[PDB]
file run28.txt (compact mmCIF, C-alpha atoms and all ligand atoms)
# COMPACT_ATOMS: atom_id res chain seq x y z
CA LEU A 1 0.00 0.00 0.00
CA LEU A 2 2.35 2.82 1.17
CA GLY A 3 4.82 2.30 -1.65
CA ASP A 4 7.92 0.49 -0.42
CA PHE A 5 7.68 1.89 3.13
CA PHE A 6 6.86 -0.34 6.11
CA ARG A 7 7.82 -3.60 4.41
CA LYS A 8 8.04 -5.40 7.76
CA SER A 9 4.77 -4.15 9.26
CA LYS A 10 2.86 -4.63 6.00
CA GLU A 11 4.11 -8.22 5.77
CA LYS A 12 3.10 -9.02 9.35
CA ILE A 13 -0.38 -7.52 8.78
CA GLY A 14 -0.74 -9.52 5.57
CA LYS A 15 0.28 -12.69 7.41
CA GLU A 16 -2.40 -12.30 10.09
CA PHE A 17 -5.09 -11.33 7.60
CA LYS A 18 -4.38 -14.45 5.54
CA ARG A 19 -4.59 -16.53 8.73
CA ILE A 20 -8.01 -15.03 9.52
CA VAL A 21 -9.38 -15.47 5.99
CA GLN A 22 -8.20 -19.09 5.98
CA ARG A 23 -9.95 -19.88 9.27
CA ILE A 24 -13.16 -18.21 8.07
CA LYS A 25 -12.92 -20.28 4.88
CA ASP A 26 -12.54 -23.49 6.90
CA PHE A 27 -15.56 -22.47 8.96
CA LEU A 28 -17.76 -21.80 5.93
CA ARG A 29 -16.68 -25.13 4.41
CA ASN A 30 -17.92 -26.83 7.58
CA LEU A 31 -21.16 -24.82 7.46
CA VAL A 32 -21.90 -25.63 3.79
CA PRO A 33 -19.70 -28.62 2.90
CA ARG A 34 -18.74 -29.81 -0.61
CA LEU B 1 -14.18 -6.19 14.36
CA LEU B 2 -15.23 -9.89 14.11
CA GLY B 3 -16.81 -9.96 17.53
CA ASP B 4 -14.58 -11.74 20.03
CA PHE B 5 -13.00 -14.04 17.42
CA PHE B 6 -9.34 -13.72 16.42
CA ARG B 7 -8.27 -11.83 19.54
CA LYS B 8 -4.60 -12.63 18.90
CA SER B 9 -4.49 -11.76 15.19
CA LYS B 10 -6.56 -8.61 15.67
CA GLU B 11 -4.21 -7.44 18.43
CA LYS B 12 -1.10 -8.04 16.30
CA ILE B 13 -2.66 -6.16 13.36
CA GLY B 14 -3.60 -3.28 15.66
CA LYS B 15 -0.04 -3.20 17.01
CA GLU B 16 1.54 -2.85 13.57
CA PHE B 17 -1.02 -0.29 12.40
CA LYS B 18 -0.31 1.88 15.45
CA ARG B 19 3.42 1.60 14.71
CA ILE B 20 2.84 2.78 11.13
CA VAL B 21 0.56 5.67 12.12
CA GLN B 22 3.10 6.79 14.72
CA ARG B 23 5.96 6.84 12.21
CA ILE B 24 3.84 8.75 9.69
CA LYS B 25 2.99 11.23 12.44
CA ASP B 26 6.68 11.71 13.27
CA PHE B 27 7.36 12.26 9.58
CA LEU B 28 4.64 14.90 9.18
CA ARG B 29 5.89 16.65 12.32
CA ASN B 30 9.32 16.90 10.68
CA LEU B 31 7.74 18.12 7.43
CA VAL B 32 5.63 20.84 9.11
CA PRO B 33 7.13 21.35 12.59
CA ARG B 34 5.46 23.01 15.60
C1 LIG C 101 2.37 11.31 3.98
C2 LIG C 101 2.90 9.97 4.48
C3 LIG C 101 4.41 9.91 4.40
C4 LIG C 101 4.90 8.48 4.57
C5 LIG C 101 6.41 8.43 4.64
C6 LIG C 101 6.89 8.06 6.04
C7 LIG C 101 8.36 7.68 5.98
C8 LIG C 101 8.79 6.97 7.25
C9 LIG C 101 9.99 6.08 6.95
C10 LIG C 101 10.11 4.93 7.93
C11 LIG C 101 10.94 3.81 7.31
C12 LIG C 101 10.02 2.74 6.71
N1 LIG C 101 10.79 1.63 6.16
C13 LIG C 101 11.53 2.05 4.95
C14 LIG C 101 11.62 0.94 7.17
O1 LIG C 101 9.97 0.76 5.79
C1 LIG C 102 -2.04 -0.14 6.88
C2 LIG C 102 -2.63 -1.15 5.91
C3 LIG C 102 -1.67 -2.32 5.71
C4 LIG C 102 -2.02 -3.07 4.43
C5 LIG C 102 -1.41 -4.47 4.49
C6 LIG C 102 -1.13 -5.02 3.10
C7 LIG C 102 -0.63 -6.45 3.25
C8 LIG C 102 0.12 -6.93 2.02
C9 LIG C 102 0.71 -8.31 2.30
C10 LIG C 102 1.77 -8.70 1.28
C11 LIG C 102 1.17 -8.81 -0.12
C12 LIG C 102 1.24 -7.50 -0.90
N1 LIG C 102 1.51 -7.76 -2.31
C13 LIG C 102 2.94 -8.08 -2.48
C14 LIG C 102 0.60 -8.74 -2.93
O1 LIG C 102 1.30 -6.69 -2.92
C1 LIG C 103 -6.61 -5.39 6.01
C2 LIG C 103 -5.41 -6.32 6.11
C3 LIG C 103 -4.58 -6.38 4.82
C4 LIG C 103 -5.36 -6.93 3.62
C5 LIG C 103 -4.43 -7.55 2.58
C6 LIG C 103 -5.21 -8.13 1.42
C7 LIG C 103 -4.31 -8.91 0.47
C8 LIG C 103 -5.10 -9.94 -0.33
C9 LIG C 103 -4.17 -10.98 -0.94
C10 LIG C 103 -3.34 -10.38 -2.07
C11 LIG C 103 -3.43 -11.19 -3.36
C12 LIG C 103 -2.06 -11.63 -3.89
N1 LIG C 103 -2.18 -12.72 -4.87
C13 LIG C 103 -1.94 -14.03 -4.22
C14 LIG C 103 -3.36 -12.75 -5.76
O1 LIG C 103 -1.23 -12.55 -5.66
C1 LIG C 104 -19.09 -15.79 8.61
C2 LIG C 104 -17.79 -15.69 9.39
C3 LIG C 104 -17.75 -16.67 10.55
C4 LIG C 104 -16.62 -16.32 11.50
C5 LIG C 104 -16.49 -17.38 12.59
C6 LIG C 104 -15.21 -18.19 12.41
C7 LIG C 104 -14.94 -18.98 13.69
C8 LIG C 104 -13.52 -19.52 13.71
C9 LIG C 104 -13.08 -19.72 15.15
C10 LIG C 104 -11.57 -19.67 15.31
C11 LIG C 104 -11.22 -19.34 16.75
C12 LIG C 104 -10.93 -17.85 16.91
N1 LIG C 104 -10.54 -17.52 18.27
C13 LIG C 104 -11.68 -17.67 19.20
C14 LIG C 104 -9.31 -18.22 18.70
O1 LIG C 104 -10.23 -16.31 18.29
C1 LIG C 105 -9.20 -8.03 9.53
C2 LIG C 105 -9.22 -6.61 10.08
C3 LIG C 105 -8.52 -6.55 11.44
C4 LIG C 105 -8.92 -5.29 12.19
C5 LIG C 105 -7.90 -5.00 13.27
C6 LIG C 105 -8.51 -4.22 14.43
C7 LIG C 105 -7.39 -3.88 15.41
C8 LIG C 105 -7.92 -3.55 16.80
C9 LIG C 105 -6.74 -3.35 17.75
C10 LIG C 105 -7.18 -3.39 19.21
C11 LIG C 105 -8.13 -2.24 19.52
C12 LIG C 105 -9.60 -2.61 19.33
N1 LIG C 105 -10.42 -1.98 20.35
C13 LIG C 105 -10.27 -2.71 21.62
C14 LIG C 105 -10.21 -0.52 20.48
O1 LIG C 105 -11.61 -2.11 19.99
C1 LIG C 106 -6.33 -1.64 9.22
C2 LIG C 106 -5.57 -2.02 10.49
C3 LIG C 106 -6.44 -1.93 11.75
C4 LIG C 106 -6.93 -0.52 12.05
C5 LIG C 106 -7.23 -0.34 13.54
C6 LIG C 106 -7.69 1.09 13.84
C7 LIG C 106 -7.81 1.33 15.34
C8 LIG C 106 -7.69 2.81 15.66
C9 LIG C 106 -7.38 3.02 17.14
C10 LIG C 106 -8.58 2.67 18.01
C11 LIG C 106 -8.95 3.79 18.98
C12 LIG C 106 -8.99 3.33 20.43
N1 LIG C 106 -8.93 4.47 21.37
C13 LIG C 106 -7.55 4.69 21.85
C14 LIG C 106 -9.60 5.74 20.97
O1 LIG C 106 -9.60 4.10 22.36
call {"tool": "encode", "arguments": {"input": "run28.txt", "output": "structure tokens", "more": "lines below"}}
Ligand SMILES: CCCCCCCCCCCC[N+](C)(C)[O-]
Ligand SMILES: CCCCCCCCCCCC[N+](C)(C)[O-]
Ligand SMILES: CCCCCCCCCCCC[N+](C)(C)[O-]
Ligand SMILES: CCCCCCCCCCCC[N+](C)(C)[O-]
Ligand SMILES: CCCCCCCCCCCC[N+](C)(C)[O-]
Ligand SMILES: CCCCCCCCCCCC[N+](C)(C)[O-]
result
Amino acid sequence: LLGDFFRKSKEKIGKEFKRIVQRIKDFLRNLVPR
Amino acid sequence: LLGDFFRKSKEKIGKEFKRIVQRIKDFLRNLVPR
């Protein structure tokens, strides 16, 4: 986002967000399986 | 945001975001001091 500034912070944030999205995906796959 | 889910991730994200905002603040204070 902010150009090439805050590489480290932006990568940590992206990490956690991907973790969250993955767990929400797992949950929805258990809610409506297939 | 997502209720009480993802306490740990949400806290890490908040940490990094506050770091970023603080550094941007410092920068703007050097750009227009007072
Ligand atoms: C108007 C917003 C200005 C954003 C520029 C802030 C520059 C701060 C530089 C901190 C260093 C970040 N770095 C390169 C380690 O990622
Ligand atoms: C203050 C908002 C922070 C935004 C966080 C953006 C996370 C990007 C994670 C790495 C992936 C970015 N990339 C390389 C696809 O552009
Ligand atoms: C609000 C937290 C940060 C949001 C970051 C969103 C990044 C979405 C994933 C980037 C897509 C990269 N990909 C794999 C298509 O190349
Ligand atoms: C429609 C979105 C549904 C979101 C609910 C996902 C539940 C996943 C539970 C993972 C556990 C999270 N916890 C409690 C450790 O923070
Ligand atoms: C996927 C988006 C993540 C949103 C991150 C929200 C960070 C909140 C940081 C802790 C502060 C929240 N609080 C307690 C003021 O509500
Ligand atoms: C996109 C990354 C997450 C953004 C989190 C934004 C939180 C702003 C700070 C919350 C304000 C809490 N306070 C100190 C007024 O009580």
call {"tool": "closest_atom_pairs", "arguments": {"input": "run28.txt", "of": "chain A", "to": "ligand LIG 105 (chain C)", "cutoff": "10 Å", "atoms": "only C-alpha atoms and all ligand atoms", "output": "JSON lines"}}
result
{"residue": "A:13", "atom": "CA", "partner": "C:LIG105", "partner_atom": "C3", "distance": 8.6}
{"residue": "A:14", "atom": "CA", "partner": "C:LIG105", "partner_atom": "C1", "distance": 9.5}
{"residue": "A:16", "atom": "CA", "partner": "C:LIG105", "partner_atom": "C1", "distance": 8.0}
{"residue": "A:17", "atom": "CA", "partner": "C:LIG105", "partner_atom": "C1", "distance": 5.6}
{"residue": "A:18", "atom": "CA", "partner": "C:LIG105", "partner_atom": "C1", "distance": 9.0}
{"residue": "A:19", "atom": "CA", "partner": "C:LIG105", "partner_atom": "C1", "distance": 9.7}
{"residue": "A:20", "atom": "CA", "partner": "C:LIG105", "partner_atom": "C1", "distance": 7.1}
{"residue": "A:21", "atom": "CA", "partner": "C:LIG105", "partner_atom": "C1", "distance": 8.2}
call {"tool": "calpha_fit_and_write", "arguments": {"input": "run28.txt", "fixed": "chain B", "moving": "chain A", "output": "CSV table (one decimal) with C-alpha atoms, in the frame of the given file"}}
result
chain,number,residue,atom,x,y,z
A,1,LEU,CA,-14.2,-6.2,14.4
A,2,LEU,CA,-15.2,-9.9,14.1
A,3,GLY,CA,-16.8,-10.0,17.5
A,4,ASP,CA,-14.6,-11.7,20.0
A,5,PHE,CA,-13.0,-14.0,17.4
A,6,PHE,CA,-9.3,-13.7,16.4
A,7,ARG,CA,-8.3,-11.8,19.5
A,8,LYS,CA,-4.6,-12.6,18.9
A,9,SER,CA,-4.5,-11.8,15.2
A,10,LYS,CA,-6.6,-8.6,15.7
A,11,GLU,CA,-4.2,-7.4,18.4
A,12,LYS,CA,-1.1,-8.0,16.3
A,13,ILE,CA,-2.7,-6.2,13.4
A,14,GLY,CA,-3.6,-3.3,15.7
A,15,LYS,CA,0.0,-3.2,17.0
A,16,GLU,CA,1.5,-2.8,13.6
A,17,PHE,CA,-1.0,-0.3,12.4
A,18,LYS,CA,-0.3,1.9,15.4
A,19,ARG,CA,3.4,1.6,14.7
A,20,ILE,CA,2.8,2.8,11.1
A,21,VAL,CA,0.6,5.7,12.1
A,22,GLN,CA,3.1,6.8,14.7
A,23,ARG,CA,6.0,6.8,12.2
A,24,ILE,CA,3.8,8.8,9.7
A,25,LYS,CA,3.0,11.2,12.4
A,26,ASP,CA,6.7,11.7,13.3
A,27,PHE,CA,7.4,12.3,9.6
A,28,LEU,CA,4.6,14.9,9.2
A,29,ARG,CA,5.9,16.7,12.3
A,30,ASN,CA,9.3,16.9,10.7
A,31,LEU,CA,7.7,18.1,7.4
A,32,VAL,CA,5.6,20.8,9.1
A,33,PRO,CA,7.1,21.3,12.6
A,34,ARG,CA,5.5,23.0,15.6
call {"tool": "atom_distance", "arguments": {"input": "run28.txt", "atom1": "atom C6 of ligand LIG 102 (chain C)", "atom2": "atom CA of residue B:29"}}
result
24.6 Å
call {"tool": "residues_near_ligand", "arguments": {"input": "run28.txt", "ligand": "ligand LIG 104 (chain C)", "cutoff": "12 Å", "atoms": "only C-alpha atoms and all ligand atoms", "output": "tab-separated table (two decimals) with C-alpha atoms, in the frame of the given file"}}
result
chain	number	residue	atom	x	y	z
A	19	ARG	CA	-4.59	-16.53	8.73
A	20	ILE	CA	-8.01	-15.03	9.52
A	21	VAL	CA	-9.38	-15.47	5.99
A	22	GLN	CA	-8.20	-19.09	5.98
A	23	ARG	CA	-9.95	-19.88	9.27
A	24	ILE	CA	-13.16	-18.21	8.07
A	25	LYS	CA	-12.92	-20.28	4.88
A	26	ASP	CA	-12.54	-23.49	6.90
A	27	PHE	CA	-15.56	-22.47	8.96
A	28	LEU	CA	-17.76	-21.80	5.93
A	29	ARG	CA	-16.68	-25.13	4.41
A	30	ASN	CA	-17.92	-26.83	7.58
A	31	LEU	CA	-21.16	-24.82	7.46
A	32	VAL	CA	-21.90	-25.63	3.79
B	1	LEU	CA	-14.18	-6.19	14.36
B	2	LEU	CA	-15.23	-9.89	14.11
B	3	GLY	CA	-16.81	-9.96	17.53
B	4	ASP	CA	-14.58	-11.74	20.03
B	5	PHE	CA	-13.00	-14.04	17.42
B	6	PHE	CA	-9.34	-13.72	16.42
B	7	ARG	CA	-8.27	-11.83	19.54
B	8	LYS	CA	-4.60	-12.63	18.90
B	9	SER	CA	-4.49	-11.76	15.19
B	10	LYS	CA	-6.56	-8.61	15.67
B	11	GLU	CA	-4.21	-7.44	18.43
call {"tool": "atom_distance", "arguments": {"input": "run28.txt", "atom1": "atom CA of residue A:15", "atom2": "atom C3 of ligand LIG 103 (chain C)"}}
result
8.4 Å
call {"tool": "atom_distance", "arguments": {"input": "run28.txt", "atom1": "atom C9 of ligand LIG 102 (chain C)", "atom2": "atom CA of residue A:12"}}
result
7.5 Å
call {"tool": "axis_aligned_box", "arguments": {"input": "run28.txt", "around": "ligand LIG 103 (chain C)", "padding_each_side": "6 Å", "output": "lines of an AutoDock Vina configuration file"}}
result
center_x = -3.9
center_y = -9.7
center_z = 0.2
size_x = 17.4
size_y = 20.6
size_z = 23.9
